[PDB]
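Structure, as structure tokens:
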Amino acid sequence: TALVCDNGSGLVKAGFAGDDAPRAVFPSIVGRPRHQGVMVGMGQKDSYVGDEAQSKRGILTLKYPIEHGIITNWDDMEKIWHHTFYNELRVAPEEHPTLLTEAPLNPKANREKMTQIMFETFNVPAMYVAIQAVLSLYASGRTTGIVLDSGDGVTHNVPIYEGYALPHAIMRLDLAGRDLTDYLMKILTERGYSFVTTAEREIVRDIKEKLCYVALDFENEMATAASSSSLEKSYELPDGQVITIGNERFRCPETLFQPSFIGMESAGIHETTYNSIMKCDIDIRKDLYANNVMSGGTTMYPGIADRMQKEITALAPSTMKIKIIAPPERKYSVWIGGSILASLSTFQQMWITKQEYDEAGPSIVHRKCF
Amino acid sequence: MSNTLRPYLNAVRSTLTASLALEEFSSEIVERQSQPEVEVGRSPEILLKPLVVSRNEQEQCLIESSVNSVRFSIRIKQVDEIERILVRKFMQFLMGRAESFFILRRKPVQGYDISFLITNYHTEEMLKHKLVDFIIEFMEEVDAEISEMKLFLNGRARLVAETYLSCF
Amino acid sequence: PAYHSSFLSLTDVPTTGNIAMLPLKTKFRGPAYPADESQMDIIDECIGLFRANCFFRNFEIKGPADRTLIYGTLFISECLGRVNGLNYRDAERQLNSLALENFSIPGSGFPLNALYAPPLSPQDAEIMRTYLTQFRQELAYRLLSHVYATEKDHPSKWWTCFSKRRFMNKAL
Amino acid sequence: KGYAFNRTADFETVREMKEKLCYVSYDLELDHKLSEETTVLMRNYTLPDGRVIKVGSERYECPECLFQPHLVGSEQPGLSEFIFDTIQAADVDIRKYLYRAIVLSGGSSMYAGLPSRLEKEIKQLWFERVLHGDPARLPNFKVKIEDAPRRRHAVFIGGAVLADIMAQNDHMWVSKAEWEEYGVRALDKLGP
Amino acid sequence: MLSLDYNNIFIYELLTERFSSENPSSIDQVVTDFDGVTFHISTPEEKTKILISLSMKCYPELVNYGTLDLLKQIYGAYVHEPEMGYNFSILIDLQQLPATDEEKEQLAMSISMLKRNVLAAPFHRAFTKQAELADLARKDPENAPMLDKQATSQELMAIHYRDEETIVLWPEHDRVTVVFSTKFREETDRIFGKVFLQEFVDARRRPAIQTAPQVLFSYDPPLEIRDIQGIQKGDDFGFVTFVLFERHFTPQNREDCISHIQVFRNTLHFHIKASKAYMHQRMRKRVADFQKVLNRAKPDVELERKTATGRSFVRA
Amino acid sequence: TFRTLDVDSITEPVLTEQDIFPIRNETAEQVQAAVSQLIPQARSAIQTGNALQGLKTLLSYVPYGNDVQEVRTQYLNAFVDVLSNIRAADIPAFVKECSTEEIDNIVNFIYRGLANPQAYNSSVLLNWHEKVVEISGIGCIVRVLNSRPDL
Amino acid sequence: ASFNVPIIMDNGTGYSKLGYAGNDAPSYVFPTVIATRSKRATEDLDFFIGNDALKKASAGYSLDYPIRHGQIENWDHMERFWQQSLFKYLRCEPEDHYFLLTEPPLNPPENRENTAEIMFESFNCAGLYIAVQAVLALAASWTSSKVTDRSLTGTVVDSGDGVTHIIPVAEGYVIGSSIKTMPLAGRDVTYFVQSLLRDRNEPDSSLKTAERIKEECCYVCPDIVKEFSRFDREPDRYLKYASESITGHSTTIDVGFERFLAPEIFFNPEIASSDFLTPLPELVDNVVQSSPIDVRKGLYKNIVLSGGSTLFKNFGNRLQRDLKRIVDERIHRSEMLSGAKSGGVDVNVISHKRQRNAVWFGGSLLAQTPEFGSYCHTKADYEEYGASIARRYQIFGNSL
Ligand SMILES: Nc1ncnc2c1ncn2[C@@H]1O[C@H](COP(=O)(O)OP(=O)(O)O)[C@@H](O)[C@H]1O
Ligand SMILES: Nc1ncnc2c1ncn2[C@@H]1O[C@H](COP(=O)(O)OP(=O)(O)O)[C@@H](O)[C@H]1O
Ligand SMILES: [Mg+2]
Ligand SMILES: [Mg+2]
């Protein structure tokens, strides 16, 4: 067996190759205390990680070491990787190969420092870095399709035909669930409620995860909410006071379809998907349209697959069947497909090995992981 | 490939599948040991008669058979000296991997190009209909594999000719 | 092979579980018998051997003196994990806080609970704790005189490199 | 084959592997043929580590050092030739009775095919060194290896017999009262 | 490599070292080459002075074709008395070198290039005599056929340069023709060499390389070589002919053309060897295809989870 | 040295094939006469265009023995010549009307034919093998594996 | 045999030494590495080897070492390495020449079989001798080629990049029952130096920089707890090493206790490995005490060092003193039982001017012998028996 560590922007998802689901799933967060530590002893720590940071958050500044799919803080990312191996999986990393993941069109140095820390800090026997959307296609049981993967920090489209990726047609969009959380803080402020701290940003992320959804027709839903109580419903804060929201439930996710709501000049996730299909060669487009694969937590909204199908049907010619594949397990499809890949016998020859890293340095990743 | 080979490979399939009625059998000449009896020949009552299936004087099977073991050996098409070299070396790479193809011999029997030993243990631990499918799919394809290797050899002889002759 | 405690050559030594409560030079309060200030004791030995011993991956224990040297060796690896980037004064207060905080004894999350005996009575547990707290406070204070030997506001890199050299693949 | 077993705990692992997988070749050129021409001798063994090792010719090549001691650097003759040189040194009137009862004993007699190889190799050694390669008298040479199932423990099982035969004969044992007055000279009772 | 180097790589690297070196050590180095050629490199009297000597079985024939004149023109003041068992020799004194790194480099190159320089004299004799015949044929185009007919026999060079190759060449007013009377004695190289010699001649019939020398092939000899001593029409030789026309030995191109034609049969011999490594990778790729046809006879069972060293694992 | 001396071949004589298979109850000249009566009938049935009756009559007796290779090869020459002269459309109707013992003799002698392609046309023997095994099943080859070695 | 000079190829785990019999050095000494690519197919022509492969990592070629722990394990890469050795560097025709090859004493029957088919079918050499490698390193130890200078009894300790093996040879015969091997040599001490630079987070811990720190900075001390203490007592024990990066800029590395702790891998292999535990002086004792009693004085009197990883400063002196301690403690146990003093035994560990390449120099000296072509397999043997001709072990006792 091998570890699979889908160290994403918002959640770390980790486990073993051949397991049905990740057995470690926790916030990609390091928390540090922001207040006067007056009582001596008390089981206090210099910093906290994951669910320990998320449960102590009222006294912590919380920060993610990863933003837009890029590691911004390597000292806290080592702290998170240590938490995956020693606390959350309870393994020696020197005993197990590790499949890591990243989004396409990342900085070269991200792959290099990620391989260096795995071999030099965690002393790993072997490792690989997979593209997250390529992993998500194994979890679909497919060898052709276009994968729309959207996590916490990044959305990307990767088209694959009969196991060949078309790397010129790959799209990245630095808009996903953290931008939607920040926008939900900005619009909750209009109904009466201010969320400001890194701890309050986790409350409004939890509001987004169970109140928000995608409208099939935004202007009809916006008019239906402007004229009735029927779209409005409520949430209870840790403090026991109640938040009621209405059009904020579908205005937040609509930013994926209308990025101008957060000031971005880009196509929405539907039109970015269509632009990726239209960058592919003309014979492959029919099979990409029939195989639009959804992935990552930002695809978990109610109605988003019905909306994505409606929007792509208006862009494509009417002469063909658009199909959106949105599994209920698509929350984990990158990890699921990493556990498939890490369990295949040809993949056992594709690992970067310790001996091979020691002979070549961290540049070995650019000439072995694509 | 099987329009020209079909009558021959049907006779090979049918008689290889009849021959693989194998069983656990310990030695009558050595105590606490078992051996593939077709490979040792020291007790003739548990040997079955050796059968030859043939398409041509050059394209032949020998099936040798026993209570616990079958040895299957083949002569393959080699109509020119390029094919004699290409076949001999391809069978040497294929028999060099015999531990991972568990039914291969490491050496052919004399006058044959490749040989297989299917033992009782292989019929217990592997799907024996997929063993005879592997034998017949090997016999169906090896002539197309070897002919494609002499196309690759022709293509390289052109590569060095054009590279050489274009730098005057 | 690895280096064993010279104090394995001592006899009729006081003991708890199967730790030896060896003669100790110290100014901290506790049960340990005062050593000679002029001679090496188990902490001058434990720090002097540590940076050789932490490279070996095989060690056969001759008696309770080596069980004491091993607990010290594992605690020097903890100290060199705790000490990094600190001033000498911050390191003294951090490593005394580490030495004093509630830790597992053998017979309780202890990493070597197969090689160490449980305390022989409900009272043997208290003498084992009051010895190990005094020992590891002295062991922390003594180590700092070596890692801050040449400079006082940053730990010597010639000692911080052993911070990941996990003795026998064990840690406290 | 690139495996390593240098730890003091691993000697019992290869002892159990030997004891499971090794056998004595009855015919060396036949086992070399099954070894070099075939994969049939190949076997997998799982160590208590969970590691798997592949073993082939070593299964017959390991216990061959009993029949060919030069394989372990010894200059002594192997089992068959050590037994033959011993019987052939006995007086003419008793050689037949020694050949008709070659009794095997101890755990290192338990390799599969060892009795078969030993009987053959003594017939074969009498054919070389007594008959000088003339077949005509070989059928008249009778040898019998005694190869009982219990023979790993024959020393214990025979000790449990002898200890009963002398249990009541208190004078047969060297006594504590005899040891404390004669010292080591008390043991001069225990045969020549 | 797709192409052979023309020079002896050892002599080039050794002289490039010693021409730069602050403190030359002694040497005593016999060095083999292709076509049975051999070199001796040594410091026989001082560490300061290197003697390089060439041994070559056809050197007496090459002297008849103006070789000593060309070797004196190339190596100049460095020429030395031949060493015992060697045909030609050059002495280089490490305190007497040229004043620049680029003159030193082209001297280290020139001495490493010595096997193709000793063998170049019959080609320079053919190229310079073709220029005489070209000028005479330019003077009287109706006399030229008789000049070419007499030069085909009176100006022919044959070199029996190894026991299974004769190179035969002659000038005519518009060309130099060179015939390799060529053979492979090792039987697998004779079998692969038939494919190499066939595809070599068929390559020249394609549009992409019409700029090359004309090539012809047979296995009786070309008409004008049939009565050259040591050519034999039943003796398993093939005969590769190159017609170099005036454009193939123009002044910008003579030395590259000479270097490249001498290495003909050596590139063919090398590629007949390297083709086996190609066939072996072609073979073991489809041994790995036949694995997948046997793997479908393995019944599907989950293996227990193991760490990278193969030790058993106890989680999930 | 002693290791290579074969003692087993003289101290423990192994079973012979006639300990497994019963001795032929006919002399060499008696079977050679019985086949020499059949071969002319088998040849004559080709000339009248009744090669199906040529096989049915030839197949009524079979020679066996290590002392009779000359008449066994003459019988095999006639058998392959008869099988080569039957039309391929007649084979299914003929095979279904053969006894289990006649089928066992057909599949035995097509096997003796397939062992010698420089004498015998394998293409017709493989066509007969396909149809005999299709109609009568795998057990007819199992009876050839188990059959006597001097057939 | 042919009258042409035999060709000598010592293919080590780290380095291949290539040359002709009778020369005063190898013609080439370069890494046993191949640089390989990772409408006609030519990617098997596109490779490089040795020093020219090290230049190709920046051009996107994958480097590999086809020999690891002494044994060839990639026969595609070793065939391409040999064809490029023969046709680029040695610039020779195999049909004209006899070859001397080498491999470790343990090496599989499978490796000598695979070697013989590449040499006789791919290249078609006139004949092949696959030599027992450290047995050649005994012959390189002579003061001259003359018969009166020969010492046909001695232990040889060979330590290269991949494996170290101790071979007892007496009267010119190899006592194959007494071979000992330690799976640790010059590469494992580089990985240990590299690991220590990496633990200090030094600016450079590339493999070339750890290698160059062995060759220049490392040495063998008496005892690592005394030497750690000397690195407190004396300040110039720490060196500063200047290194240039792959992307072409300067760096400076502090080099510390790895100077003595990294060569200690031979004298305490529990530093390197879980799987091998016996230190080299005890391992040489086990070779001589398993060897026949009449040759033990001769085997201790001449302990020849061989291979590059024996060249550490003070290595032969540490081996001699620690083995002399083991040997005299064993002799004194016997003097103290018997009540009479022995004659003792002199333990001499021998470092010599050809120690760096002793296998190649021995191969050159032994291939110069008039008899040499009779010890080779000729291609006429291979035409009858194939690669099975090379399969039987030369050094060990064979059954059958
Ligand atoms: N049910 C949901 N509805 C809406 N957003 C969700 C839902 N579940 C998770 N998310 C959001 O998805 C993001 C986490 O998705 P994930 O695929 O794990 O991202 P990543 O891999 O980049 O860390 C967060 O912004 C989270 O709030
Ligand atoms: N002066 C030296 N001191 C220590 N080690 C050295 C020295 N010179 C070379 N080495 C090391 O010796 C090894 C190469 O030795 P060599 O005999 O050529 O090995 P091999 O034959 O197995 O390839 C490498 O690890 C190299 O770095
Ligand atoms: Mg993500
Ligand atoms: Mg070496």
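Chains as they are written, first to last, in PDB author numbering: chain O, 6 to 375; chain F, 1 to 168; chain E, 2 to 109, 111 to 174; chain B, 196 to 387; chain D, 1 to 219, 221 to 317; chain G, 2 to 152; chain A, 2 to 39, 66 to 427.
Idealized CB from N, CA, C, for every residue including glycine.
At a CB-CB cut-off below 8 Å, which residues of chain A make contact with residue i?
{"i": "D/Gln-282", "result": "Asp-71, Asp-103"}
{"i": "B/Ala-199", "result": "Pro-210, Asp-302, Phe-303"}
How about residue i: is its Cβ closer than 7 Å to a heavy atom in ligand 2?
{"i": "A/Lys-241", "result": "yes"}
Along chain O, in chain order, which residues have C-beta atoms closer than 9 Å to that of residue i?
{"i": "D/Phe-314", "result": "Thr-6, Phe-21, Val-96, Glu-100, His-101"}
The alpha helix (DSSP H) with residue i in it runs from where to where?
{"i": "B/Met-212", "result": "206 to 216"}
{"i": "E/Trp-160", "result": "159 to 162"}
{"i": "A/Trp-109", "result": "102 to 111"}
{"i": "B/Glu-259", "result": "259 to 262"}
For residue i, is the beta carbon positioned less than 7 Å from some heavy atom of ligand 1?
{"i": "O/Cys-217", "result": "yes"}
{"i": "A/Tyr-16", "result": "no"}
{"i": "O/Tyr-306", "result": "yes"}
{"i": "O/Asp-311", "result": "no"}
{"i": "O/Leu-105", "result": "no"}
Could you check whether the Cβ of residue i sits closer than 8 Å to any Cβ belonging to chain F?
{"i": "D/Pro-300", "result": "yes"}
{"i": "D/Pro-223", "result": "no"}
What does residue i reach in chain A if we use C-beta pairs closer than 9 Å?
{"i": "B/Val-267", "result": "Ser-204, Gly-424"}
Whose Cβ in chain F lies nearer than 7 Å to the Cβ of residue i?
{"i": "D/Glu-199", "result": "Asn-154, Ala-157, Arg-158, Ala-161"}
I'd like to know if residue i contacts chain G, where contact means its C-beta is closer than 8 Å to some C-beta of that chain.
{"i": "B/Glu-270", "result": "no"}
Listing by chain order, which chain F residues have their CB less than 8 Å from the CB of residue i?
{"i": "B/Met-237", "result": "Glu-99"}
State the start and end residues of the unbroken beta strand (DSSP E) segment that holds residue i.
{"i": "D/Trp-170", "result": "165 to 172"}
With respect to 7 Å, is the separation between the Cβ of residue i and the closest non-hydrogen atom of ligand 4 below this value?
{"i": "A/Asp-188", "result": "yes"}
Name the chain B residues whose beta carbon is nearer than 8 Å to that of residue i?
{"i": "G/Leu-6", "result": "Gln-319, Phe-322, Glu-323, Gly-328"}
- Three CB pairs or more closer than 8 Å across the region 41 to 49 of chain O and the region 87 to 103 of chain O: Taking 8 Å as the limit for Cβ pairs, the verdict is that the region 87 to 103 of chain O does not touch the region 41 to 49 of chain O.
- Query: Are the region 293 to 312 of chain D and the region 132 to 144 of chain F touching by the rule of at least three beta carbon pairs closer than 8 Å?
  - Reply: Between the region 293 to 312 of chain D and the region 132 to 144 of chain F there are three or more C-beta pairs closer than 8 Å, enough to call the two in contact.
- Message: Give the residues whose C-beta lies closer than 5 Å to at least one heavy atom of ligand 6, in chain order.
- Response: Absence of ligand 6 is noted for the structure shown, with ligand 1, ligand 2, ligand 3 and ligand 4 being the only ligands found.
- Message: When you compare the region 155 to 173 of chain O with the region 285 to 293 of chain O, are there three or more beta-carbon pairs, one atom per stretch, that lie closer than 8 Å?
- Response: Yes: at least three Cβ pairs fall under 8 Å.
- Counting pairs of Cβ atoms below 8 Å between the region 350 to 369 of chain A and the region 407 to 427 of chain A, do you hit three or more? Short answer: they don't touch.
- Message: Taking contact to mean 3 or more Cβ pairs, one atom from each stretch, closer than 8 Å, check whether the region 196 to 216 of chain O and the region 245 to 255 of chain O are in contact.
- Response: Enough Cβ pairs lie closer than 8 Å, so yes.
- Task: Could you say if the region 227 to 246 of chain A and the region 292 to 309 of chain A meet the contact criterion of at least three C-beta pairs nearer than 8 Å?
- Result: Counting C-beta pairs closer than 8 Å gives fewer than three between the region 227 to 246 of chain A and the region 292 to 309 of chain A, which falls short of the contact rule.
- Query: Just checking, does the region 352 to 360 of chain O make contact with the region 308 to 327 of chain O on the three C-beta pairs under 8 Å criterion?
  - Reply: In the pairwise beta carbon analysis, the region 352 to 360 of chain O is classified as not touching the region 308 to 327 of chain O: fewer than three pairs are separated by under 8 Å.
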